[PDB]
Each structure stands twice: as structure tokens, then as C-alpha cells.
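One-letter residues, chain by chain:
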Amino acid sequence: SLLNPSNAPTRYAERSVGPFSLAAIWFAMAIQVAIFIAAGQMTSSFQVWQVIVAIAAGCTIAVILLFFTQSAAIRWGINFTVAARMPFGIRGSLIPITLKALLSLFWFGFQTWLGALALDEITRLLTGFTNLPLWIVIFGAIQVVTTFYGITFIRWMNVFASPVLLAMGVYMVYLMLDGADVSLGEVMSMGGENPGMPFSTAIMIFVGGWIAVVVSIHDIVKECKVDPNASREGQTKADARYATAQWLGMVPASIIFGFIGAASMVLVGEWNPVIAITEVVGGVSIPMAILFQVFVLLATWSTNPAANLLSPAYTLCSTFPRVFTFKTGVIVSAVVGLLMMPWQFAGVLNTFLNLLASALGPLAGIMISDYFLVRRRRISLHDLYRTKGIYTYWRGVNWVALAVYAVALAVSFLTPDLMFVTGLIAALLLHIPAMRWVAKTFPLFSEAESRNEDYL
Ligand SMILES: O=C1NC(=O)/C(=C/c2cccc(Br)c2)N1
Ligand code: NA
């Protein structure tokens, strides 16, 4: 048995996130430093309004993906790590999942760093003392302790951060535009003086940004509110109501702040708003500086935990269920996380983001296909928590699914500027014949699937 209280399906009465609340999580989750860099650097290849469009477009494809990748977790309260067990093996899933937990972990050390930079700036603008690594750990530590309260803290922190972040940001735009003596419409076309990058690969850079979160949303959305006695058509509006809520959370948030990153770049030559606003205004008081840094901290806190730390936690406590618990998995993930020292990664994000999509594109495709197409949403919780059952395949690993991943990865390379969308679609489509083959050796359903509601 692989079950323990932390890695267990989430009972109907334990669910706490409705559609408005999930939006309140996503709005604050989209407000984060890294989108300044991406959308800023985008101004090299396109002008600001197009970048906003590449953001809105990229935000929207992510949501279309969320609608499908979230549907099993909402209905059945299960993990990401647990859910991968279906098409890949019970252990074979560890292969893509280790790929993915690493990614998740990479973002965690990056943002803890940005957070640390902020806190270190606040202090040295007071105490002149400027030690960063201590502030790194301390922040890593602070996130861990606030992550202990799982989605409960997250949900309360993001609803209050959201408007504050929203206001600090609208203010930010005012300060720039004003202090530069420029209208909104004027800045909107000042960019794009070095074309070459396809607009498709632009959209693909923002899609490739959230793909880790989108693919493994489970760990967030297994907490959303569901009515067990709906129907096919009431379940679909429910999925859609949640999917709609994520759109209204991440789009307007990442459009306003994407715009700020782009604006910074285009007005002053730097993606970092500290610099762009400081110059344009010609210095700022120590208070109003500290503010900005409180923002970065508030903006890092609203994104890092929920998006980067939750999912390796659940990966640990659910693979080694007697060794790790959620809280203990959080401690081990944040330590490993910081010991990856991701702040030394050579390059820029865009190409990395272009990497992230085409690396997990087939993974999202194989999971959507297994659950929706092959099995028709008809799953067995019982077998997901047991070493030997209908998800054990060949001695714990489903090599055919690992085969479909490779093949689909290959085909993905045949369309470099659309890598992600071909690899997903390829994996999606190939899983079907591959699974209709495996079904001749192994069963796709189980009698024990009637105990599903016992868990809930
Ligand atoms: O999965 C993710 N964890 C992160 O921290 C993260 C950052 C990010 C997301 C979208 C666009 C951009 Br630009 C950056 N993604
Ligand atoms: Na945030």
C-alpha cells in the first residue's frame, strides 16, 4: 500500500477553494518578477502592444490546457504525482515526474533568490549590512513555514495580496507614464526594433512559462469545491467555471505587469522597474524604495510557494509515504531546491521557457488522453494506491507510455517554433493506439473502482 494521510484523495468536506478563490490565487500567482524579464526582452523582437497580445494569447492557451488537466483532480481530489501513475507505471511515472519535480524545484530557488534580493535591499537601505545568502536561507525557511499551512495560508495570503499588488502596479504605470510625460498609447508601440523572432514563438514563450504549473495543477486544484451529484453537463460547466476563473486571474494580472516589464525596457533600457522608475523620476526617497522591495517580496510570496514548493512536497510524501509527510516533504524540497543554486544558470528565460514547453508538452498530452479518451474518465482510486493492480503494468512501469513520450518528443523537434503544440498533439494522438495495444495484455478497468466513493 502506498497510501498515507498526506497523499490521500481529498474528501468532499475537506475542499476549500471555489471559483472566485482560485482566481484570487492565480491573480497574485501571475504577479511575479520573471514576467518583467520575459516581456521586457520581448520588446527586442516586437512592439509592446503585440507583446501584450502574445501574453493574452499565451495566457489563453494555458487556460485551454488547464480545463483538461484539472478535471480529474477536481472531481477525484488526487495528487499530480499519484495521477501520473495511470498512463505511465506506478514507478514508471517517476521518470517524467522526476523531470517535472526538478523543473518545479528550479523555479523555487530562483524566486527565493529574487525574494532574498528584495529583503537584502530593504535591510541595506536601513542597516547598510548586505549579506544575501543568510537572507536566502531565512526566506527559504519562511516560505517553508508558511507552506506548512498548505493551501489554507496560500488562499488567505493571495486574496489580500491581490488588490494591494493590483494597486501598487496601477500606481507603477502612473509614476512611469507621468514622470516620462508619455501617454499609454504612445508607449504601446515604441518597441520591436530588431525583428526575427516569429510571433508564434512569442506566444510559445509565455505558454512555456506556466507549463509546469499547468501540467501539474492537481496539487492546487485537488482542493477546489465540487458537487459529487452533478452530471456530465453539470461537471462540464463546473470545469468551465473553474477554467474561466483561472483566465480572469492570470490574464489581467500578467498583462498589467507584463506591460510594466516591457515599458521599463522601452523607456530606459532596463526590464527592472526599480531602475526604470528611479531614473525617469530622478531618484526616490528611501521609504518609496523600501516599498518597491516590499512589493517584490509580496510578489514572490504570492507565486513561489503555491507554484513551486507544493508539487515536489507531494511528490516526496507520496512516493516514500512512510518516509515523508507533506510538511516533511516541504522541508526536503526547499533544501534540495536551494542547493540547486539556479541563480547561476547561463542564459535568458525565453529560450528556457521555449525549452520547458517542448519538454512537458507530450506529458500533458498523454495525461489528458489517458483520462479523457482511453479510459473515458472511468478510474480506480483503489489501484492508484497499491503496488500491484491495473496500473502496475510491466513490474511497475508502463514502457509503452515511456515510448510514446519519446516518439512524440522527436516529432516535436520537427516544428521548432511550435514544438510544444505538436508534441502535445502527437502524444495525445499516439497514446490512443498505444493504449489499445496495452489493453490486450493489461486491463483498463477494475472491479475495485466501485470503492472510489469510499475514499471521498
Ligand atoms: O512554473 C513556474 N514556476 C514559476 O516560478 C514560473 C515562472 C513564470 C511563469 C510564467 C511566465 C514567466 Br516569464 C515565468 N513558472
Ligand atoms: Na506572486
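Residues numbered from 1 in each chain as written, not as in the entry; some residues may be left out. Chains lettered and ligands numbered in written order. Heavy atoms only, no water.

X-ray crystallography is the method the PDB entry states for this structure, with the resolution given as 3.700 Å.

A. Representation of the UniProt feature "binding site: substrate" in the protein chain. Under the local residue numbering, the UniProt record ascribes the feature "binding site: substrate" to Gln 111, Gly 209 and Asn 308. These residues run over 198 residues, yet every pair of their C-alpha atoms falls within 13.8 Å of each other. Mapped onto the elements of the fold, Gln 111 is located in helix α6 (residues 94–124). Within the structure, the side chain of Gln 111 is placed 3.1 Å from the side chain of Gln 32, a separation counted as a polar contact. (UniProt positions renumbered as here; feature names shortened; annotations may be inferred. Helix = DSSP H or I, 4+ residues; strand = E, 2+ residues; numbered from the N terminus. Polar contact = N/O pair within 3.5 Å; in protein donor to acceptor, adjacent residues only side chain to side chain.)

B. Expanded view of the nonpolar core. By size, the foremost hydrophobic cluster in this structure holds 148 residues, and its most contacted members are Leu 22, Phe 206, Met 250 and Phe 295. Residue contributions to this core peak at 14 residues, all from helix α17 (residues 349–374). The residues contacting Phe 206, other than those within four sequence positions of it, are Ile 35, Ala 38, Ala 39, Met 42, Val 51, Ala 54, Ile 55 and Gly 58. (Core = buried A, V, L, I, M, F, W, Y, C linked by side-chain atoms within 4.5 Å. Buried < 20%, exposed > 50% of the residue type's maximum accessible area, 1.4 Å probe, protein only. Contact = heavy atoms within 4.5 Å.)

C. Inspection of the packing of helix α7 (residues 133–147) against helix α15 (residues 304–319) at higher detail. Relative to each other, α7 and α15 sit at 80 degrees, their axes nearing to 11 Å. Comparing the axis directions of α7 and α15 gives the class roughly perpendicular. Residues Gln 143, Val 144 and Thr 147 of α7 form the contact with α15, whose own contacting residues are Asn 304, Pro 305 and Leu 309. Broken down by class, the residue content of the contact of α7 with α15 amounts to three nonpolar, three polar and no charged. (Axes fitted to C-alpha atoms, helices over the stretch in contact; angles between N-to-C directions. Parallel < 35°, antiparallel > 145°, perpendicular 65-115°, else oblique. Nonpolar A, V, L, I, M, F, W, Y, C, P; charged D, E, K, R; others polar.)

D. Just the site of ligand 1, in detail. Taken together, the neighbourhood of ligand 1 is formed by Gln 32, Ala 34, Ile 35, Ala 38, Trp 107, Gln 111, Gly 209, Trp 210, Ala 212, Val 213, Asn 308 and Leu 353. At 3.0 Å from an oxygen atom of ligand 1 is found a side-chain nitrogen or oxygen belonging to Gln 111. Looking at the shell around ligand 1, the elements with two or more residues in it are α2 (34–41), α6 and α10 (199–215). A per-element tally of the shell around ligand 1 places α10 first, with four residues. When the residues that make up the shell around ligand 1 are grouped by side-chain class, the tally is eight nonpolar, four polar and no charged. (Near = heavy atom within 4 Å.)

E. Quick peek at unusual backbone geometry. If you check the backbone angles, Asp 181 has positive phi at about 70 degrees while not being a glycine. Within the element layout of this structure, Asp 181 appears in the loop between α8 (150–180) and α9 (184–187).

F. Region of the structure containing the environment of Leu 297. Of note, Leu 297 is situated in helix α14 (residues 286–301). Put simply, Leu 297 and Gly 115 are 182 residues apart on the chain and 5.2 Å apart in space, counted from C-alpha to C-alpha. Not counting chain neighbours up to four residues away, the residues in contact with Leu 297 comprise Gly 115, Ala 118, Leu 119 and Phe 139.

G. Representation of the UniProt feature "binding site: Na(+)" in the protein chain in the model. UniProt records the feature "binding site: Na(+)" at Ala 28, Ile 31, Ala 299, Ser 302 and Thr 303, using the numbering of this structure. A compact arrangement is adopted by the annotated residues: their sequence extent is 276 residues, whereas the largest C-alpha distance between any two is 7.5 Å. Excluding residues that lie within four positions of it along the chain, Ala 28 makes contacts with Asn 158, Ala 161, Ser 162, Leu 165, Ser 302 and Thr 303. Examined against the element boundaries, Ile 31 turns out to sit in the loop between α1 (19–30) and α2.

H. Inspection of the coordination of the sodium ion (ligand 2) at higher detail. Distances from the sodium ion (ligand 2) to its protein donors, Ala 28 (O), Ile 31 (O), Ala 299 (O), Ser 302 (OG), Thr 303 (N) and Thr 303 (OG1), fall at 2.3 to 3.1 Å. Here the sodium ion (ligand 2) is ringed by six donor atoms whose angles at the metal span 63 to 159 degrees, and the overall shape comes out irregular. Counting the intervening residues between successive donors of the sodium ion (ligand 2) yields the motif A-x2-I-x267-A-x2-S-T. Taken together, the positions of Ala 28 in helix α1 and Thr 303 in the loop between α14 and α15 put the pair 275 residues apart, joining distant regions of the chain. (Donors = N, O, S within 2.8 Å, 3.2 Å for Na, K, Ca; no water. Tetrahedral: all angles 85-135°; square planar, octahedral: opposite > 155°, others 65-115°.)

I. Fine view of the packing of α8 against helix α13 (residues 273–281). At their nearest, the axes of α8 and α13 sit 9 Å apart, and the two run at 40 degrees to each other. The handedness of the crossing between α8 and α13 comes out as left-handed. Residues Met 172, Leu 175, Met 176, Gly 179 and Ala 180 of α8 form the contact with α13, whose participating residues are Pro 273, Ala 276, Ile 277, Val 280 and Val 281. Its residues assigned to classes, the contact of α8 with α13 shows nine nonpolar, one polar and no charged. (Left-handed = near helix turned anticlockwise from the far one by under 90°.)

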